Amino acid sequence: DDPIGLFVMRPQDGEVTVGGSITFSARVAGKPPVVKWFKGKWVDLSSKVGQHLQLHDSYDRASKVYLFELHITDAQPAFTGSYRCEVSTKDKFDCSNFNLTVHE
Amino acid sequence: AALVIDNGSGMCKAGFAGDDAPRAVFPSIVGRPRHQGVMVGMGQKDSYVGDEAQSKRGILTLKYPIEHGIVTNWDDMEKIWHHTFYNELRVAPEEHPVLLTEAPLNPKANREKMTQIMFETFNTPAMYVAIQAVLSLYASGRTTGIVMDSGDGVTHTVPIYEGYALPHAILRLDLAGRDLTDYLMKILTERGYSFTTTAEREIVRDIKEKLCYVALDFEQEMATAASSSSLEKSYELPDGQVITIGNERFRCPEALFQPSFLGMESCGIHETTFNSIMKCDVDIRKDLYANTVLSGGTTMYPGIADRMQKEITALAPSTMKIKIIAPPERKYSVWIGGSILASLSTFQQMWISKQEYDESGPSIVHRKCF
């Protein structure tokens, strides 16, 4: 099949209403991998970090797998749409597409 | 024996003639406390001199006695000399002639004043002032070649043929590692880190000495710095602050190669070496290219010899091979040359006697030596 990428676990689609927090995550099997989050082909989520979007990076010692998390808190209707996760590393390449729905 | 002192920019190298390595190596700096100190029981040591200052660098406002090969304040220099004679050396100035090494095309006042202080402030039977390019050549062990000497202060090129010198052929360049440090501090500010004090000024210089290196191709590394992985390293300050640098480290050494970033018309180090060669006689040019010797503090970064070789080979004719010799510890080569120079039997006759000074006058230094 397709070559083994960085993600042991690919991000999964989720839906949350106004004022609701939603967490999206991806894990990478293992120096530390670098993770970028996008709201499309050319939009970077890190530059958009604020009241409704947070970023967090963690490492799991037992599986020596890196966890990348996208934190959305108090999600609003304007956040309904398509979000894209892109991760690039020294030896592996992969990305994924997910959708978030928030209502009024 | 004999005493050899190197009064270069930022560092004072002292030792004994005939020795392969100097006894005393320490920065030539005096640090004083700019800000009032808060604590109980402190000796409040007003003045710090030497390597002690390096440890307590953040609080202290460091001052360099020597700027561009010129000493701004004479008393600080005396403290440095005193420190070298009675601390690590543990010897009296009276005991031996003292050899000082000076860079090419240096101003007249520096040689006359330097000798005057050595004859008057530290009493010695005789002293001699040497030239860095010739001394470096001796360390090399080669009779003929072209010597590019780049110190912490001013880069100089001095070609030599079987012992005969060409003063017209010697070229002085105003690009040096200290200049790079100022450019470097200036470049850091755009990123978001700012250093505006002399004490933290050394911190960027420290970063430059081991972290910085020279790229095979400047444009390609910048291109690949977008996805930097091994291009970024973390530097730990004594203060406790953490610094992360990327493409920034290799573009600094680049400036000597590419003065354009600096904003100056003058050509880079490889072009200047070429210019010195052009000045020299056409017949002796052919072995000048294959006998190139690198020396000084700013030639330490890896890959310099390899970049210079390809650039000299492409610009120069392909009819002859281009060889560059860049031995390690070339920074200390100038001091080493001083110790070896004082070790020759012929040389002892050549020292400037006290009697000659008294009769003829201070201006005889240029007359007696180059």
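Going by Swiss-Prot, the residues shown for chain A are 151-180, 185-258, listed in order.
We read in the header that electron microscopy, 11.0 Å was used to get this structure.
For all residues, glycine too, the Cβ spot is worked out from N, Cα and C.
Taken from Swiss-Prot, the feature Zn(2+) binding site applies to A:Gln208, A:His210, A:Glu223, A:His225. Taking a C-beta cut-off of under 8 angstroms and a sequence separation of 6 or more, A:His225 (Zn(2+) binding site) has the following same-chain neighbours: A:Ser171, A:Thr173, A:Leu207, A:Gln208, A:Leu209, A:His210.
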Shell of the Zn(2+) site beyond A:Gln208, A:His210, A:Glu223, A:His225, same chain only (C-beta within 8 angstroms of their C-beta centre): A:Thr173, A:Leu209, A:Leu224
Other C-beta atoms that fall within 10 angstroms of the C-beta of A:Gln208 (Zn(2+) binding site): 14
Long-range Cβ environment of A:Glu223 (Zn(2+) binding site), under 8 Å and at least 6 residues apart: A:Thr173, A:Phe174, A:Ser175, A:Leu209, A:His210, A:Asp211, A:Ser212
A:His210 (Zn(2+) binding site), number of other Cβ atoms within 10 Å: 11
